[PDB]
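Asks: Supplied in structure tokens, the structure appears directly below.
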Amino acid sequence: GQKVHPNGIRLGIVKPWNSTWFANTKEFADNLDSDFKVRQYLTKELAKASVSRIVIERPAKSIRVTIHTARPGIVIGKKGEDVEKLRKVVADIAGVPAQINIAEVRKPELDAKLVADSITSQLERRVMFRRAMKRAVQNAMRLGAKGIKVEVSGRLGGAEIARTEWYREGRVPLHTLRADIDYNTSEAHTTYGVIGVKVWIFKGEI
Amino acid sequence: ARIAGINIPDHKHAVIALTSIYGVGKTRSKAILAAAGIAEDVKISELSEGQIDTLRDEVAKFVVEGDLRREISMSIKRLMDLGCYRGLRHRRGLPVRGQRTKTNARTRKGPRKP
Amino acid sequence: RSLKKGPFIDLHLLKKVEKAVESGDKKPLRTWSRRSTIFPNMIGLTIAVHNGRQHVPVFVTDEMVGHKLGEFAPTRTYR
Amino acid sequence: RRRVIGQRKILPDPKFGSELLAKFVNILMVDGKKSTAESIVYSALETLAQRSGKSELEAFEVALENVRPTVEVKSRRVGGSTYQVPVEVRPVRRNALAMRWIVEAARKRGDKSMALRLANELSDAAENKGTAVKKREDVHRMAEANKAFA
RNA sequence: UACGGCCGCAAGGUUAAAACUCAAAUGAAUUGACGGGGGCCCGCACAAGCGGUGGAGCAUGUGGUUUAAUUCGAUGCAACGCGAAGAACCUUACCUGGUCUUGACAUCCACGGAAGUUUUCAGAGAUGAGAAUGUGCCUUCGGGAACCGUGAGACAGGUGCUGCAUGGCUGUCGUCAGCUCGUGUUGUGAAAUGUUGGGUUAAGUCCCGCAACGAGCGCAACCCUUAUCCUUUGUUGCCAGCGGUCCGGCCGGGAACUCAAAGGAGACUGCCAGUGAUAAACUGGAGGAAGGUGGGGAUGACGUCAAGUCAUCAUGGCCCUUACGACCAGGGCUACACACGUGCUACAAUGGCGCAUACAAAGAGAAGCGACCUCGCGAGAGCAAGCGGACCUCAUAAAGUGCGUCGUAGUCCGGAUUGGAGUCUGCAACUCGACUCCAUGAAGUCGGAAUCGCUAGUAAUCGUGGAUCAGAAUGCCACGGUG
RNA sequence: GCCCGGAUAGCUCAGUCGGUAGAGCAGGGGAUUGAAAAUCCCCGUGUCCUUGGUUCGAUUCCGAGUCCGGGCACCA
């Protein structure tokens, strides 16, 4: 290890918090807790929903929760299916009137999360890492953007000797706070080991 | 410099020179260094502020010097004021423990009065 | 303060305290094993300790839970 | 290493206001208890009255005169072995150095107290006495006394 | 080389095999590593100084040695106040003994039984053998759900072994300036060039050059924080003016000022001069509160050490399963007959001691921080307000300065040790705790060989707070004073 | 068998007019080293071969013994 989180390092500027709200030592303890339960669950029943981030606003006993996804319709439900379920599931989980507003992801090829959850899913589909890692991710360069650094952990392909891979385009100056980058992880528990992946998309400068 | 005030034991092993204090003994001055880390083979000089002075910390637990003696002289009198045999003998410089005051008791009684 | 898992106590006194409470209370029970520990149930009971010459009274207190019985019984003479 | 700036401008004495006496109190100072240093030297510095009886001011400099060297050694890792090539000493350290010998040797004097154990040394300085004055020749016996390498 | 021949005075020469043995031996050239090779550089590396460690007593860890156990790990710089920001039980993983074998922890099934509370005895306890108290609801009166019992088994369980099976995470060269790619060109090729050279910078920073032209990871800059001023708001913060004083910004009042804290201006070699090829840059200078990445953080390239961690967690394989699973009690991790590293306090008048007294910062706090007041010599206890916080509390800094003293002795130094008796935590502090009082008052009179840190608010020293935490801090993290 | 000598630290040795004995090495504890050495610092638990005697007192002095070592055992 020898790298600072390209996201948290910027959590101050050019990067909003995926959970903005106030709280005091009292409830704060169980507060961030519920947020985890709800957030962890919203993925379980919406994995293939192609969900990106998941913000969580909190005014007063009424969390908002915004499920950003490239596939909104599927996260919507049969004109009330999905929404109702989730919006209701947030019952005792937070013991408060929790809403839920979906956000459409523009260009699902420039968002880290997706580009990460995807490549990993392809790997689980018995596919050559190099191919997808390169091409199936190279797209982020065709819909725009200036630079995208990918990274696949070890154990790739039949081999006991874990190895990391490079492959990067444009420029990803993660040494610039005013740079703003879309970083996110993604695992892939396969027949053996847990081939990981890290997406570094440089979406413009300042 | 004097820890419990006055008397600066210098140029001697710790514990050994620690007993210098009119209150600790071969064992006590020893039992303190343990929880102080300070070894015995180290001369007070060899020490430092965070070595010699530290000793002055766990020393305020026991009673020493002047008042220790006074507190005793008085305590003694407390039981000695009472018309008990001990006191009656304590105010005459006679053995109150159990010796033969009938003879051999120089250091006890005092000098010879022929 | 040296058993980690398994606060041991000399069985000798064990069977007694448990017997005393059985019939309520009574006079102290002779004991030579100090190395044990002031058991909780022994709370407010009577125990003795052969400190070499004779025994010594022992009246357990709330606090007396995992402390060594011997602790309450001196040994050598002094002053 | 290669750094090259200037000297640290020191604050003058708490009275006479003199850098020469300034770094003097500092060299004498201990445990940052600068206060004591002043109250320990500033006294003995004036206690000279009882030791003389006049405007005790130049006495200090005059006393240091007998403790001002002008030659020191300096081993050099050359010629396979280690040279010694002795060289003089610029003024910047002349006055300074001396002050050390005057104090670093006035402590082992073993007199009444540092306050006075120091005073006497000054009188012994100009009158040649103590290791303070000794160190001079005991040092000169190398430089100027072994120019064979100088 | 042997044997045979020939030559020789003799050294020995000349001619010249085999057995057996290996899968290579070898030549030049390339990349790099290294050199007790050379050139040029930077870093508290050295030199210059300031203070240390090495001796001493005590703390802490480690190797030993021991132990029933002294649980496992960490071992050149990268191991040792390290995983432990906190070992009396617990923790715990270790030892001893008692005890439990679908099991303490998960589900499935069978049949039962509310869960629950008070409970008696046998026991160290783990537990077992009994007395009650207990009946909530889905009621389609089969069945049920949470939970409990016990029977069977698939299993559950492993801080067990491999960190040379791994993920994740970390230290290190090193904040070092380095590491590469595309294309083009060069050699038969490994490979080179670029990226070398000349200046220059903290820097593969920049400027020229140049068979290379460009590009990426880096360095720089974005982030925080500290250094000036401005806009804005004015409680618990502030008091310049005016006023009223139960003299305290206490009370009107006042948004000025300190401060708070959201947003702004400012520093760029921008401007002046000289050097440099009239370039990069350097050297000074002006203006400013602040210069030449302002000070400090944060940020750690490509990879190396099969470096560390299966013991936080996860996990391939291997193991154990009426037991390297699991419960209780006590004991152990604090043992010693030595050593090595990191610390605290000294060895003293740049000081102690009495009295007096002035100055700061950043912080914690509902099983909490705890006032005032009362008791006690004191630790602390009783009673009980305030604050869940610029309102209150822990907290009413130390150095320091005034006076006085003691006068260089082992002391008026320094406190180790021990005894006497006490407090507070907690079932409980023998083992093995923190602290108070009284008495005891040692070694130590500045420490060889050798060695460490430190370039400015630095080293040096002086206090203040916090994490862990019921209660064992001289350790760690952090703050400010003097300097 | 005879005469002369030795027996002292684990090894090889030095030493004493009679009272408490050492060196080189090995050994051990520190150090320095990445680790070994080499080097640096600090460390002797010797019933002075046995057994008799002199003596207040024996490694030392006297007698003897074992062991080792040197020499000798010849005419026949």
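How things are named: the first chain in the structure tokens is A, the next is B, and so on; residues count from 1 in each chain; ligands count from 1 in the order shown.
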Show which residues sit within 10 Å of residue 406 in chain E, as a PyMOL selection string. Count only C-alpha atoms (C1' of nucleotides), and ignore same-chain residues fewer than 3 positions away.
Replies: (chain B and resi 6) or (chain E and resi 349+352-353+411-412)
Asks: Would you mind writing down, as a list in words, each residue of range 2-45 of chain B that DSSP on the backbone assigns to helix (DSSP H, G or I)?
Replies: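 Going through range 2-45 of chain B, the helix (DSSP H, G or I) residues come out as residues 14, 15, 16, 17, 18, 28, 29, 30, 31, 32, 33, 34, 44 and 45 of chain B.
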Asks: How would the residues just chosen look if you wrote them out with N, CA, C and O atoms as an mmCIF file, in the first residue's frame?
Replies:
```cif
data_model
loop_
_atom_site.group_PDB
_atom_site.id
_atom_site.type_symbol
_atom_site.label_atom_id
_atom_site.label_comp_id
_atom_site.auth_asym_id
_atom_site.auth_seq_id
_atom_site.Cartn_x
_atom_site.Cartn_y
_atom_site.Cartn_z
ATOM 1 N N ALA B 14 21.628 3.443 43.368
ATOM 2 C CA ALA B 14 20.288 3.933 43.670
ATOM 3 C C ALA B 14 19.762 3.412 45.006
ATOM 4 O O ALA B 14 19.980 4.027 46.047
ATOM 5 N N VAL B 15 19.070 2.276 44.964
ATOM 6 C CA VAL B 15 18.505 1.662 46.164
ATOM 7 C C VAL B 15 19.391 1.815 47.397
ATOM 8 O O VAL B 15 18.930 2.254 48.452
ATOM 9 N N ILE B 16 20.660 1.448 47.260
ATOM 10 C CA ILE B 16 21.605 1.520 48.366
ATOM 11 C C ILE B 16 21.705 2.926 48.956
ATOM 12 O O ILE B 16 21.781 3.091 50.173
ATOM 13 N N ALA B 17 21.704 3.936 48.091
ATOM 14 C CA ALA B 17 21.793 5.322 48.537
ATOM 15 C C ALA B 17 20.401 5.900 48.742
ATOM 16 O O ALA B 17 20.243 6.972 49.326
ATOM 17 N N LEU B 18 19.393 5.186 48.253
ATOM 18 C CA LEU B 18 18.013 5.627 48.382
ATOM 19 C C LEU B 18 17.594 5.510 49.843
ATOM 20 O O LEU B 18 16.911 6.382 50.377
ATOM 21 N N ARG B 28 12.273 -1.442 51.025
ATOM 22 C CA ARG B 28 11.412 -0.363 50.551
ATOM 23 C C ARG B 28 12.023 0.432 49.401
ATOM 24 O O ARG B 28 11.440 0.514 48.319
ATOM 25 N N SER B 29 13.192 1.021 49.639
ATOM 26 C CA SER B 29 13.875 1.807 48.614
ATOM 27 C C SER B 29 14.057 0.976 47.347
ATOM 28 O O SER B 29 14.285 1.514 46.264
ATOM 29 N N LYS B 30 13.952 -0.338 47.501
ATOM 30 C CA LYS B 30 14.090 -1.275 46.391
ATOM 31 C C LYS B 30 12.756 -1.459 45.671
ATOM 32 O O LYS B 30 12.678 -1.353 44.448
ATOM 33 N N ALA B 31 11.712 -1.739 46.445
ATOM 34 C CA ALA B 31 10.380 -1.962 45.900
ATOM 35 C C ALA B 31 9.858 -0.788 45.074
ATOM 36 O O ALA B 31 8.968 -0.956 44.241
ATOM 37 N N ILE B 32 10.408 0.399 45.309
ATOM 38 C CA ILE B 32 9.977 1.590 44.585
ATOM 39 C C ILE B 32 10.597 1.689 43.193
ATOM 40 O O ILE B 32 9.922 2.060 42.234
ATOM 41 N N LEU B 33 11.879 1.358 43.087
ATOM 42 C CA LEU B 33 12.578 1.421 41.808
ATOM 43 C C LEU B 33 11.959 0.501 40.763
ATOM 44 O O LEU B 33 11.963 0.813 39.571
ATOM 45 N N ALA B 34 11.432 -0.634 41.212
ATOM 46 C CA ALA B 34 10.809 -1.594 40.309
ATOM 47 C C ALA B 34 9.722 -0.916 39.482
ATOM 48 O O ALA B 34 9.775 -0.910 38.253
ATOM 49 N N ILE B 44 22.720 7.889 41.240
ATOM 50 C CA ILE B 44 21.785 9.005 41.145
ATOM 51 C C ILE B 44 22.165 10.016 40.064
ATOM 52 O O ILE B 44 21.295 10.562 39.386
ATOM 53 N N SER B 45 23.462 10.261 39.906
ATOM 54 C CA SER B 45 23.943 11.203 38.904
ATOM 55 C C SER B 45 23.550 10.717 37.515
ATOM 56 O O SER B 45 22.932 11.447 36.740
#
```
Asks: Just to confirm, what's the straight-line distance from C1' of residue 103 in chain E to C1' of residue 323 in chain E in Å (one decimal)?
Replies: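 Taking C1' of residue 103 in chain E as the start and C1' of residue 323 in chain E as the end point, the length is 11.3 Å.
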Asks: Just the number, please: distance in Å from CA of residue 156 in chain A to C1' of residue 305 in chain E, one decimal.
Replies: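 That distance, rounded to one decimal, is 24.7 Å.
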Asks: For residue 120 in chain D, find every residue with an atom within 10 Å (counting only C-alpha atoms (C1' of nucleotides)), except residues of its own chain fewer than 2 positions away, and show them as a list in words.
Replies: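 Here the qualifying residues turn out to be residues 44, 45, 47, 48, 51, 106, 109, 111, 115, 116, 117, 118, 122, 123, 124, 125, 129 and 130 of chain D.
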Asks: Could you tell me which of B:53, B:13, B:19, B:97 comes closest to chain C if we count only C-alpha atoms?
Replies: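 Once distances to chain C are computed over only C-alpha atoms, the minimum belongs to B:97.
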Asks: Skip range 450-460 of chain E itself and residues of its chain fewer than 6 positions away, then list as a PDB file with N, CA and C atoms (P, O5', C5', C4', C3', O3' and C1' of nucleotides), in the first residue's frame all residues within 7 Å of it, counting only C-alpha atoms (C1' of nucleotides).
Replies:
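Okay, around.pdb is ready:
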```
ATOM      1  N   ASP D  31      18.870  24.354  30.978  1.00  0.00           N
ATOM      2  CA  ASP D  31      17.467  23.955  31.032  1.00  0.00           C
ATOM      3  C   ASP D  31      16.519  25.080  30.632  1.00  0.00           C
ATOM      4  N   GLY D  32      16.979  25.952  29.741  1.00  0.00           N
ATOM      5  CA  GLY D  32      16.151  27.059  29.293  1.00  0.00           C
ATOM      6  C   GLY D  32      15.708  27.954  30.433  1.00  0.00           C
TER       7      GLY D  32
ATOM      8  P     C E  50      27.945  23.871  22.429  1.00  0.00           P
ATOM      9  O5'   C E  50      26.443  23.762  21.914  1.00  0.00           O
ATOM     10  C5'   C E  50      25.450  24.673  22.367  1.00  0.00           C
ATOM     11  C4'   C E  50      24.181  23.927  22.678  1.00  0.00           C
ATOM     12  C3'   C E  50      24.374  22.731  23.592  1.00  0.00           C
ATOM     13  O3'   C E  50      24.456  23.055  24.971  1.00  0.00           O
ATOM     14  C1'   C E  50      23.038  22.097  21.754  1.00  0.00           C
ATOM     15  P     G E  51      25.102  21.988  25.988  1.00  0.00           P
ATOM     16  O5'   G E  51      24.020  20.821  26.041  1.00  0.00           O
ATOM     17  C5'   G E  51      22.733  21.059  26.600  1.00  0.00           C
ATOM     18  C4'   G E  51      21.769  19.961  26.215  1.00  0.00           C
ATOM     19  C3'   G E  51      22.078  18.558  26.700  1.00  0.00           C
ATOM     20  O3'   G E  51      21.631  18.365  28.036  1.00  0.00           O
ATOM     21  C1'   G E  51      21.436  18.493  24.418  1.00  0.00           C
ATOM     22  P     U E  53      21.145  10.654  29.386  1.00  0.00           P
ATOM     23  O5'   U E  53      21.246   9.306  28.542  1.00  0.00           O
ATOM     24  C5'   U E  53      20.090   8.738  27.933  1.00  0.00           C
ATOM     25  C4'   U E  53      20.489   7.673  26.938  1.00  0.00           C
ATOM     26  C3'   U E  53      21.454   6.597  27.431  1.00  0.00           C
ATOM     27  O3'   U E  53      20.785   5.531  28.097  1.00  0.00           O
ATOM     28  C1'   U E  53      22.164   7.408  25.318  1.00  0.00           C
TER      29        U E  53
END
```
Asks: For CA of residue 66 in chain D and CA of residue 135 in chain D, quote the distance in Å rounded to one decimal.
Replies: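 According to the coordinates, CA of residue 66 in chain D and CA of residue 135 in chain D are separated by 10.6 Å.
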Asks: Would you return as a PyMOL selection string the members of range 54-202 of chain A that DSSP assigns to strand (DSSP E) on this structure's backbone?
Replies: chain A and resi 54-55+66-69+101-104+148-149+168-169+182-186+197-201
Asks: Could you please take those selected residues and save N, CA and C atoms as a PDB file, in the first residue's frame?
Replies:
```pdb
ATOM      1  N   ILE A  54     -25.610   5.988  -4.202  1.00  0.00           N
ATOM      2  CA  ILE A  54     -26.819   5.909  -3.388  1.00  0.00           C
ATOM      3  C   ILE A  54     -26.764   6.906  -2.227  1.00  0.00           C
ATOM      4  N   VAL A  55     -27.033   8.169  -2.540  1.00  0.00           N
ATOM      5  CA  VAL A  55     -27.021   9.236  -1.545  1.00  0.00           C
ATOM      6  C   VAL A  55     -28.109   9.005  -0.500  1.00  0.00           C
ATOM      7  N   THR A  66     -31.411   8.504  -2.631  1.00  0.00           N
ATOM      8  CA  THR A  66     -31.452   8.656  -4.082  1.00  0.00           C
ATOM      9  C   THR A  66     -30.628   7.556  -4.744  1.00  0.00           C
ATOM     10  N   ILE A  67     -31.312   6.657  -5.447  1.00  0.00           N
ATOM     11  CA  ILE A  67     -30.655   5.546  -6.121  1.00  0.00           C
ATOM     12  C   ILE A  67     -30.314   5.866  -7.573  1.00  0.00           C
ATOM     13  N   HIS A  68     -29.098   6.350  -7.803  1.00  0.00           N
ATOM     14  CA  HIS A  68     -28.659   6.679  -9.153  1.00  0.00           C
ATOM     15  C   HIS A  68     -28.426   5.380  -9.914  1.00  0.00           C
ATOM     16  N   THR A  69     -29.029   5.264 -11.092  1.00  0.00           N
ATOM     17  CA  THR A  69     -28.883   4.056 -11.894  1.00  0.00           C
ATOM     18  C   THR A  69     -28.970   4.321 -13.392  1.00  0.00           C
ATOM     19  N   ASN A 101     -35.991   8.790  -4.158  1.00  0.00           N
ATOM     20  CA  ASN A 101     -36.042   9.417  -5.473  1.00  0.00           C
ATOM     21  C   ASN A 101     -34.929   8.845  -6.340  1.00  0.00           C
ATOM     22  N   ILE A 102     -35.294   8.307  -7.500  1.00  0.00           N
ATOM     23  CA  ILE A 102     -34.307   7.725  -8.398  1.00  0.00           C
ATOM     24  C   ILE A 102     -33.661   8.791  -9.276  1.00  0.00           C
ATOM     25  N   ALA A 103     -32.392   8.583  -9.610  1.00  0.00           N
ATOM     26  CA  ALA A 103     -31.652   9.515 -10.451  1.00  0.00           C
ATOM     27  C   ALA A 103     -31.101   8.765 -11.657  1.00  0.00           C
ATOM     28  N   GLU A 104     -31.347   9.301 -12.848  1.00  0.00           N
ATOM     29  CA  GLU A 104     -30.882   8.666 -14.074  1.00  0.00           C
ATOM     30  C   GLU A 104     -29.403   8.950 -14.319  1.00  0.00           C
ATOM     31  N   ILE A 148      -8.612   7.350 -18.398  1.00  0.00           N
ATOM     32  CA  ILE A 148      -9.275   6.338 -17.586  1.00  0.00           C
ATOM     33  C   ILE A 148      -8.313   5.203 -17.252  1.00  0.00           C
ATOM     34  N   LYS A 149      -7.946   5.100 -15.978  1.00  0.00           N
ATOM     35  CA  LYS A 149      -7.031   4.061 -15.530  1.00  0.00           C
ATOM     36  C   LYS A 149      -7.777   2.906 -14.873  1.00  0.00           C
ATOM     37  N   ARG A 168      -4.225   1.895 -19.386  1.00  0.00           N
ATOM     38  CA  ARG A 168      -4.796   3.205 -19.097  1.00  0.00           C
ATOM     39  C   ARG A 168      -4.724   4.097 -20.335  1.00  0.00           C
ATOM     40  N   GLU A 169      -5.695   4.993 -20.471  1.00  0.00           N
ATOM     41  CA  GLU A 169      -5.751   5.906 -21.607  1.00  0.00           C
ATOM     42  C   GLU A 169      -5.698   7.354 -21.127  1.00  0.00           C
ATOM     43  N   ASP A 182     -13.310   9.807 -11.059  1.00  0.00           N
ATOM     44  CA  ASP A 182     -14.360   8.866 -10.693  1.00  0.00           C
ATOM     45  C   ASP A 182     -13.740   7.513 -10.351  1.00  0.00           C
ATOM     46  N   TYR A 183     -13.423   7.318  -9.074  1.00  0.00           N
ATOM     47  CA  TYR A 183     -12.822   6.070  -8.615  1.00  0.00           C
ATOM     48  C   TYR A 183     -13.825   5.210  -7.859  1.00  0.00           C
ATOM     49  N   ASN A 184     -13.712   3.897  -8.024  1.00  0.00           N
ATOM     50  CA  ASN A 184     -14.604   2.963  -7.352  1.00  0.00           C
ATOM     51  C   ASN A 184     -14.055   1.546  -7.503  1.00  0.00           C
ATOM     52  N   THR A 185     -14.408   0.668  -6.569  1.00  0.00           N
ATOM     53  CA  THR A 185     -13.924  -0.706  -6.600  1.00  0.00           C
ATOM     54  C   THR A 185     -14.984  -1.682  -7.108  1.00  0.00           C
ATOM     55  N   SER A 186     -14.649  -2.968  -7.085  1.00  0.00           N
ATOM     56  CA  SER A 186     -15.556  -4.022  -7.530  1.00  0.00           C
ATOM     57  C   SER A 186     -14.851  -5.375  -7.470  1.00  0.00           C
ATOM     58  N   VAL A 197     -10.865  -5.151  -8.959  1.00  0.00           N
ATOM     59  CA  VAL A 197     -10.745  -4.174 -10.034  1.00  0.00           C
ATOM     60  C   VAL A 197     -10.955  -2.762  -9.495  1.00  0.00           C
ATOM     61  N   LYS A 198     -10.259  -1.799 -10.087  1.00  0.00           N
ATOM     62  CA  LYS A 198     -10.369  -0.406  -9.674  1.00  0.00           C
ATOM     63  C   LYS A 198     -10.494   0.492 -10.899  1.00  0.00           C
ATOM     64  N   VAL A 199     -11.555   1.289 -10.937  1.00  0.00           N
ATOM     65  CA  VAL A 199     -11.794   2.192 -12.056  1.00  0.00           C
ATOM     66  C   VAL A 199     -11.422   3.635 -11.731  1.00  0.00           C
ATOM     67  N   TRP A 200     -10.558   4.209 -12.562  1.00  0.00           N
ATOM     68  CA  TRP A 200     -10.104   5.586 -12.397  1.00  0.00           C
ATOM     69  C   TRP A 200     -10.446   6.401 -13.639  1.00  0.00           C
ATOM     70  N   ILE A 201     -11.611   7.044 -13.625  1.00  0.00           N
ATOM     71  CA  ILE A 201     -12.040   7.848 -14.762  1.00  0.00           C
ATOM     72  C   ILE A 201     -11.837   9.339 -14.514  1.00  0.00           C
TER      73      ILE A 201
END
```
